[PDB]
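What follows is a short report on a single structure.
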Amino acid sequence: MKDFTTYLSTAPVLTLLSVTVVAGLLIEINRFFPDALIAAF
Amino acid sequence: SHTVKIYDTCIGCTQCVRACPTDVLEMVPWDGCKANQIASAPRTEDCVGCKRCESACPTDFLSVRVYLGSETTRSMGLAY
Amino acid sequence: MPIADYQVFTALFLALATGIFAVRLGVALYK
Amino acid sequence: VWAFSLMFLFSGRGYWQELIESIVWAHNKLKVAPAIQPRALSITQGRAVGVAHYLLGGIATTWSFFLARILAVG
Amino acid sequence: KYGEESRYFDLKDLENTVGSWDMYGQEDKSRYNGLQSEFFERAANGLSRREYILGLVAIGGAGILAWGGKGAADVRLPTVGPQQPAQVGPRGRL
Amino acid sequence: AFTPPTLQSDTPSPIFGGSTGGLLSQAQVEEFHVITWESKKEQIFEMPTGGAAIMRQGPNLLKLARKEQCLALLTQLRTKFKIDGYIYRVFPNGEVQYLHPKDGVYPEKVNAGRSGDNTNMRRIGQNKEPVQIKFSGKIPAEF
Amino acid sequence: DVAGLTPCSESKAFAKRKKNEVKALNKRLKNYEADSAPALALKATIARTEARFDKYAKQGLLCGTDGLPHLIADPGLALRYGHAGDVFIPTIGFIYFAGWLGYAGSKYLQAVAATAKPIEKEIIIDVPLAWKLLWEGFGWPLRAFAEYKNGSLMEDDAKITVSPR
Amino acid sequence: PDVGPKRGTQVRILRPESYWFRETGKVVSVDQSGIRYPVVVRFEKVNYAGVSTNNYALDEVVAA
Amino acid sequence: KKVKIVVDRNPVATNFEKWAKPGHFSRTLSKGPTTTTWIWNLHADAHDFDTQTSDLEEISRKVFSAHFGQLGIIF
Amino acid sequence: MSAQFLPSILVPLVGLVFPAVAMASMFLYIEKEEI
Ligand code: CLA
Ligand code: CLA
Ligand code: CLA
Ligand code: CLA
Ligand SMILES: CC1=C(/C=C/C(C)=C/C=C/C(C)=C/C=C/C=C(C)/C=C/C=C(C)/C=C/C2=C(C)C(=O)CCC2(C)C)C(C)(C)CCC1
Ligand SMILES: CC1=C(C/C=C(\C)CCC[C@H](C)CCC[C@H](C)CCCC(C)C)C(=O)c2ccccc2C1=O
Ligand code: SF4
Numbered sequence: 020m021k022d023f024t025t026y027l028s029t030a031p032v033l034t035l036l037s038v039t040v041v042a043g044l045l046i047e048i049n050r051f052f053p054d055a056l057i058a059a060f
Numbered sequence: 002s003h004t005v006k007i008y009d010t011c012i013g014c015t016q017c018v019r020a021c022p023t024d025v026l027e028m029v030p031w032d033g034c035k036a037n038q039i040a041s042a043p044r045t046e047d048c049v050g051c052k053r054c055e056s057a058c059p060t061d062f063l064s065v066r067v068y069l070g071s072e073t074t075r076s077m078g079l080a081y
Numbered sequence: 001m002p003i004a005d006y007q008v009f010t011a012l013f014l015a016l017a018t019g020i021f022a023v024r025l026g027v028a029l030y031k
Numbered sequence: 678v679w680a681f682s683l684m685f686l687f688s689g690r691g692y693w694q695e696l697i698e699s700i701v702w703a704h705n706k707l708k709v710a711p712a713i714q715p716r717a718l719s720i721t722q723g724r725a726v727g728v729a730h731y732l733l734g735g736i737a738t739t740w741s742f743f744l745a746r747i748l749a750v751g
Numbered sequence: 034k035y036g037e038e039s040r041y042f043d044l045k046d047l048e049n050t051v052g053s054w055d056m057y058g059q060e061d062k063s064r065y066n067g068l069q070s071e072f073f074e075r076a077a078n079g080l081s082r083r084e085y086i087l088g089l090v091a092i093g094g095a096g097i098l099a100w101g102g103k104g105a106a107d108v109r110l111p112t113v114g115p116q117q118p119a120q121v122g123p124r125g126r127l
Numbered sequence: 188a189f190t191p192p193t194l195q196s197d198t199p200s201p202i203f204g205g206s207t208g209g210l211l212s213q214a215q216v217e218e219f220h221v222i223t224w225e226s227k228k229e230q231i232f233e234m235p236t237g238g239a240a241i242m243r244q245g246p247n248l249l250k251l252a253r254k255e256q257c258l259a260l261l262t263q264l265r266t267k268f269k270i271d272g273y274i275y276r277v278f279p280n281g282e283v284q285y286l287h288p289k290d291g292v293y294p295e296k297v298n299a300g301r302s303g304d305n306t307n308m309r310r311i312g313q314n315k316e317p318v319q320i321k322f323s324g325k326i327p328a329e330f
Numbered sequence: 318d319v320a321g322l323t324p325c326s327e328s329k330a331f332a333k334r335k336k337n338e339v340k341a342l343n344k345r346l347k348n349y350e351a352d353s354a355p356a357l358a359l360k361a362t363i364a365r366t367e368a369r370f371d372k373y374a375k376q377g378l379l380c381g382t383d384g385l386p387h388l389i390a391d392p393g394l395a396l397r398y399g400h401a402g403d404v405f406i407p408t409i410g411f412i413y414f415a416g417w418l419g420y421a422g423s424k425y426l427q428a429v430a431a432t433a434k435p436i437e438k439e440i441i442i443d444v445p446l447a448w449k450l451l452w453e454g455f456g457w458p459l460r461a462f463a464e465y466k467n468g469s470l471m472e473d474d475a476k477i478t479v480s481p482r
Numbered sequence: 035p036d037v038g039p040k041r042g043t044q045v046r047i048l049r050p051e052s053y054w055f056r057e058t059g060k061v062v063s064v065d066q067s068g069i070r071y072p073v074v075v076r077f078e079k080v081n082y083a084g085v086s087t088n089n090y091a092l093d094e095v096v097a098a
Numbered sequence: 011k012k013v014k015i016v017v018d019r020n021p022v023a024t025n026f027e028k029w030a031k032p033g034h035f036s037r038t039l040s041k042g043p044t045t046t047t048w049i050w051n052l053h054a055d056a057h058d059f060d061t062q063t064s065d066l067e068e069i070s071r072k073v074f075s076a077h078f079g080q081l082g083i084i085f
Numbered sequence: 001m002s003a004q005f006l007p008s009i010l011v012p013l014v015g016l017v018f019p020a021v022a023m024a025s026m027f028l029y030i031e032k033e034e035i
């Protein structure tokens, strides 16, 4: 699975998974914390 | 009527001469490089200006420099 | 009170004169 | 997107290569130069990107126009 | 040419080998009948010189200006006809 | 010493059906080039003007509008057929000028006895600045 | 009132905008039955809209001529009037997070530059090394300031290529 | 005696017109026949043409 | 002559070793991405099977399997 | 507007006469060979 994990470590797979997890994290942030116009603490 | 010049960084690999489609460049004997040959341009009146010699020069920076200048019926590559 | 015919004709003649001046300057510049 | 195509369609590779050289100087100053050398898009690359963006932008503009107009009135 | 076989080049006959041909031009004296040829060469006699055929263009331009002087109005044309009231505009203007 | 070969005018031409990319009005009043080569068999080659032609056994004679077309045909003969050839420059007044294999051997191989003109003894960056040659009608690299 | 702006808690046009949005959503409501899935979706949308408007009135945003929140992008003008969360606090947040990402990428570049094949390591990313450097990049400001004071963050101009003027 | 930098050493290019100006290069060979550019320098960084080696003279190359 | 089914038993092994190395299909993409032009050419020549192999048989097999993959995408 | 006839003469002059003469003159001069 060394070659398979090397394929998973290739630049397109890693950038698509990274933008996927970042977009999903931001989406769930807006799902639980919607309409956050300002950083009101 | 294009100005083609050869400079001493030429290593005599003959690639500029082979790349020329109108036979402008040729190899003359020389003593400044290992190959003992340098390029020369005796027939610049047949030069169209395609710069294929520059695309073939491996020296950095290139030794066969083409300066586009006056245009004639042969520099413009016209068949009419 | 709009201008008269003679004023227009005199202006056009003076423009012809300055056109002669202009072509003189152009010929001098070409030489 | 259609007007973004106009960058690639009207410009040429040498300008972008020299600008990339200046940006590479900026990266060298901060030791953040990639080992894979950044090059400007090739001439055929630039033409392909320009025509792809042009057709995408025009077709999508017409698609949005047609669908909005025909779904709002009919 | 000397194209009796497959020889399409000849330095002694370089006229035909280059491709200079008449295509359709043929030499013949007979074409136009009598009296009318003299009539037409008299009609276009002194006009053959470059200066007088230039003067024909000069009188043509004189006709161009004569249309503007008196000729545009003879075929009516709206640019020299009369006018019918006017319009005020968006606000109180004229 | 080397002597240029004469252009044998009565030389057979390759079999060809007639193209539209051949000679035009430039040949009559400026110049048309011509290429001559020796073929060892009857075989089909590609014309620089488009289409396929059959060159015949022995001498083959082909006239072309430009020198670049002649060199394209010569280089495809040299690569796909291993056949050398001679190119000539033919003026309409009658004078014929020998061209590409000028000193016998090909220009990519040294001959010891050529003119080494247009060969500067400096680097690219050793040319003069354009301000130092201002109002001269020459580029900095031809000083 | 920092620049002729009124707070959205007391500005009338903010309440008018909220009322208009809720009324439009109620007009959308008045077509389905009470317990349908579209009815629940519209009720959730209404609740989200009212919560958003009440939160914007609560947080102390400034409204202009009409009821739209305005942000202040001046330190001091936003600090002493209590609107540092408009621009200043998100400025600090972005600077921190962008520095984290950029420092992680930089350290990956300098880590793989001194390997056998730095060319291969940039298309084939060493995932454990990237994960470790992404974790280490959370202390990017202190590391960057330390490397700047050490002089190892910047490169000497005599070792950097330029054009021949 | 041998001339130029020793083979395999680390050198910096002083030719301001070259691609690798003030960069890192390794000497591959130095010709002793009298070549105008006898030093052969190989670079890990390729140029626009795609080559990674070039010939340089004596005064445009300093070691380390 | 004589239309019939002819195939080759197990020509290409099924594993992930060429997935690790992009640009394997063409010789000009070997020895790593020295520039980003390599990255662009890798996608540019992915389906140019003429530049990958000179054999018409391998090109035809690649075309057939690409058709099957496209049919799977459409399905 | 005084002298209404004058535009009717001048506009064709600078639209037809002067432009045709100028274009013909410049076409003659650009291929004069031996000026
Ligand atoms: C709408 C048309 C358009 C647009 C958007 C641009 C945009 C840009 N030009 Mg440009 N230009 C144009 C027309 C345009 N130009 C035309 C017609 C010409 C004449 C040929 C020029 C000539 C020109 C020159 C000579 C130069 C520029 C430069 C620039 C850049 C300036 C930096 C900047 O402002 O960052 C803004 C960034 C953007 C506007 C990009 C949009 C942001 C994207 C969409 C975010 C990505 C999101 C998403 C991932 C998108 C991908 C989707 C996909 C994956 C599905 C910028 C990207 C200069 C430059 O390079 O700067 C260093 C430069 O020197 N332009
Ligand atoms: C992490 C890598 C990295 C780093 C540290 C930098 C840093 C810098 N860039 Mg650069 N850049 C990068 C990647 C990077 N860039 C990439 C991939 C591109 C191609 C899209 C560019 C294109 C680019 C241009 C055109 C310019 C800069 C400029 C600059 C400088 C101005 C600050 C800035 O943020 O500009 C903006 C940076 C961007 C718009 C690109 C950001 C792209 C992403 C977010 C970075 C890559 C993330 C990386 C994959 C993370 C790896 C994690 C690791 C653990 C594996 C700055 C020193 C400017 C400059 O020269 O200033 C003087 C400038 O003109 N960059
Ligand atoms: C049955 C359809 C078909 C097939 C099998 C092929 C097959 C082939 N074509 Mg071809 N072509 C087709 C239709 C087809 N084409 C059509 C309809 C057009 C007109 C647009 C072209 C125009 C064309 C050109 C100009 C070229 C080819 C080339 C090629 C060869 C190499 C392709 C390659 O790997 O490049 C790479 C393929 C890609 C990088 C895929 C991406 C292409 C674009 C960017 C996708 C479009 C974006 C898409 C709509 C998504 C937009 C949304 C976005 C926001 C995410 C290959 C044998 C190339 C060649 O050299 O021939 C030997 C060549 O240059 N084709
Ligand atoms: C450069 C200034 C200028 C311009 C742009 C125009 C433009 C125009 N004029 Mg006018 N004119 C001008 C100066 C100018 N005039 C001056 C100074 C006078 C006083 C003698 C007149 C007297 C005049 C009359 C009596 C009439 C016009 C009319 C007109 C209109 C049709 C042209 C025509 O038929 O008349 C021909 C114009 C002339 C014979 C004189 C113009 C000479 C100018 C100064 C030449 C300038 C050339 C410029 C500097 C360089 C351009 C290169 C060029 C030489 C090729 C036209 C819109 C007609 C009209 O009213 O239309 C309804 C009309 O009958 N003009
Ligand atoms: C007597 C008279 C008559 C003739 C009247 C005529 C005939 C009037 C003509 C008027 C005209 C037609 C005037 C035109 C003037 C043109 C001018 C003023 C142009 C000036 C150009 C300038 C200043 C710039 C020139 C430029 C310069 C600087 C260069 O050197 C080159 C570029 C260029 C831009 C050209 C008739 C018989 C009717 C009735 C009887 C009385
Ligand atoms: C802008 C531009 C460039 C510069 C373009 C570059 C450097 C390419 C930039 C790509 C960056 C590095 C990637 C950006 C990634 C985006 C977030 C999404 C891109 C879409 C992909 C998924 C395909 C040229 O090289 C060029 C060449 C010839 C004619 C015109 C032009 C031209 O207009
Ligand atoms: S290609 Fe360059 S180095 Fe080679 S012979 Fe020609 S000029 Fe000299």
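Chains as they are written, first to last, in the deposited numbering: chain A, 20 to 60; chain B, 2 to 81; chain C, 1 to 31; chain D, 678 to 751; chain E, 34 to 127; chain F, 188 to 330; chain G, 318 to 482; chain H, 35 to 98; chain I, 11 to 85; chain J, 1 to 35. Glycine residues also receive a C-beta, built at the ideal position from the N, C-alpha and C atoms.
For this session: May I ask you to report which of helix, strand or coil DSSP gives F/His220?
Result: Residue state, collapsed to three classes: strand.
Problem set entry | Proximal chain A residues relative to G/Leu378, where beta-carbon distance stays under 8 Å | Contact note: G/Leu378 reaches chain A through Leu56 and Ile57, using a C-beta cutoff of 8 Å and chain order.
For this session: Identify which residue in I/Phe78, I/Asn51 and I/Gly42 has its Cα closest to the Cα of G/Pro435.
Result: Among I/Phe78, I/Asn51 and I/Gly42, the Cα nearest to that of G/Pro435 belongs to I/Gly42.
For this session: Please classify F/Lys267: does DSSP put it in a helix, a strand, or coil?
Result: Here F/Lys267 sits in helix by DSSP.
Exercise. Using a Cβ cut-off of 7 Å, which residues of the stretch 197-210 of chain F contact any Cβ in chain E, in chain order?
Worked result: Hits within the stretch, in order: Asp197, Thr198, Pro199, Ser200 and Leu210.
For this session: Using 8 Å as the cut-off, classify the Cβ of I/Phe59 as near or not near the heavy atoms of ligand 3, replying yes or no.
Result: Result yes, Cβ under 8 Å from ligand 3.
For this session: May I have the straight-line CA-CA distance separating G/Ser469 from G/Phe462, to the nearest angstrom?
Result: Answer to the nearest angstrom: the Cα atoms are 10 Å apart.
Exercise. Using a threshold of 8 Å, is the CB atom of B/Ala57 nearer than that to any non-hydrogen atom of ligand 7?
Worked result: At least one heavy atom of ligand 7 is nearer than 8 Å to the Cβ of B/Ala57, so yes.
Exercise. For D/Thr738, which residues from the same chain have a beta carbon less than 7 Å from its beta carbon, with the 5 sequence-adjacent residues on both sides left out?
Worked result: Apart from sequence neighbours up to five positions away, the residues of its chain that approach D/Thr738 with a beta-carbon distance below 7 Å are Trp679, ordered along the chain.
Exercise. Just by C-beta distance, which residues in the stretch 26-54 of chain I are closer than 7 Å to chain A?
Worked result: Residues of the stretch 26-54 of chain I that bring their beta carbon within less than 7 Å of a beta carbon in chain A comprise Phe26, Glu27, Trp29, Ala30 and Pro32, in sequence order.
For this session: Please indicate yes or no: does the CB of E/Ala99 lie closer than 8 Å to some heavy atom of ligand 5?
Result: In this structure, ligand 5 has no non-hydrogen atom nearer than 8 Å to the beta-carbon of E/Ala99.
Exercise. Going by the beta-carbon positions, is the gap between B/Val65 and B/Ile7 smaller than 9 Å?
Worked result: Yes. Within cutoff.
Exercise. With respect to 8 Å, is the separation between the Cβ of F/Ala299 and the closest non-hydrogen atom of ligand 3 below this value?
Worked result: Result no, Cβ not under 8 Å from ligand 3.
Exercise. From G/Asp383 to G/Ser328, what distance separates their C-alpha atoms?
Worked result: C-alpha separation (whole angstroms): 8 Å.
Exercise. DSSP on G/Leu378, reduced to helix/strand/coil?
Worked result: Three-state DSSP puts G/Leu378 in coil, outside helix and strand.
For this session: Give, in chain order, every residue of the stretch 709-741 of chain D whose Cβ lies closer than 8 Å to some Cβ of chain G.
Result: With the criterion set as a beta carbon lying under 8 Å from some beta carbon of chain G, the members of the stretch 709-741 of chain D are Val709, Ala710, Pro711, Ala712 and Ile713, in sequence order.
For this session: Compare the C-alpha of E/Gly36 against each of F/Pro191, F/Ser200, F/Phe189 and F/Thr190 and name the closest.
Result: Among F/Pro191, F/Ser200, F/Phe189 and F/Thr190, the Cα nearest to that of E/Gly36 is on F/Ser200.
For this session: With 8 Å as the limit, tell me which residues of the stretch 246-261 of chain F have their beta carbon closer than that to any beta carbon of chain E; keep them in chain order.
Result: Those would be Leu248 and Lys250, in chain order.
Problem set entry | Contact under 9 Å by Cβ, F/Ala252 with F/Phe219 | Their beta carbons are under 9 Å apart, which means F/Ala252 touches F/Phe219 by this criterion.
For this session: Would you kindly work out how many angstroms separate the C-alpha atoms of H/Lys40 and H/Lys79, rounded to a whole number?
Result: In this structure, the straight-line span from the alpha carbon of H/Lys40 to that of H/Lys79 is close to 21 Å.
Problem set entry | Minimum Cβ-Cβ distance from A/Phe51 to chain G less than 9 Å | For A/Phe51, the answer is no, since every Cβ of chain G falls outside 9 Å of its Cβ.
For this session: Could you check how far apart the C-beta atoms of F/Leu264 and F/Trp224 are, in whole angstroms? I think they sit under 8 Å.
Result: That belief holds up - the Cβ atoms of F/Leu264 and F/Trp224 are roughly 6 Å apart, short of 8 Å.
For this session: Please state whether DSSP places I/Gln62 in a helix, a strand or coil.
Result: DSSP places I/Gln62 in coil when its eight states are reduced to three.
For this session: Would you mind telling me which residues of chain J sit closer than 7 Å to C/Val8, beta carbon to beta carbon, in chain order?
Result: Under the 7 Å cutoff, chain J gives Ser2, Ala3 and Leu6.
Exercise. Closest Cβ-Cβ distance between G/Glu437 and chain I: below 9 Å?
Worked result: Cβ-Cβ to chain I under 9 Å: yes for G/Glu437.
Exercise. Using a beta-carbon distance cut-off of less than 7 Å, what residues from the stretch 399-418 of chain G approach chain A?
Worked result: Going along the stretch 399-418 of chain G in chain order, one finds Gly402, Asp403, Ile406, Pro407 and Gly410 with a Cβ nearer than 7 Å to chain A.
Problem set entry | Candidates F/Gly205, F/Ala214 and F/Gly209, of which the one nearest E/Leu47 by Cα | For the residues F/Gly205, F/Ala214 and F/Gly209, the minimum Cα distance to E/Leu47 belongs to F/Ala214.
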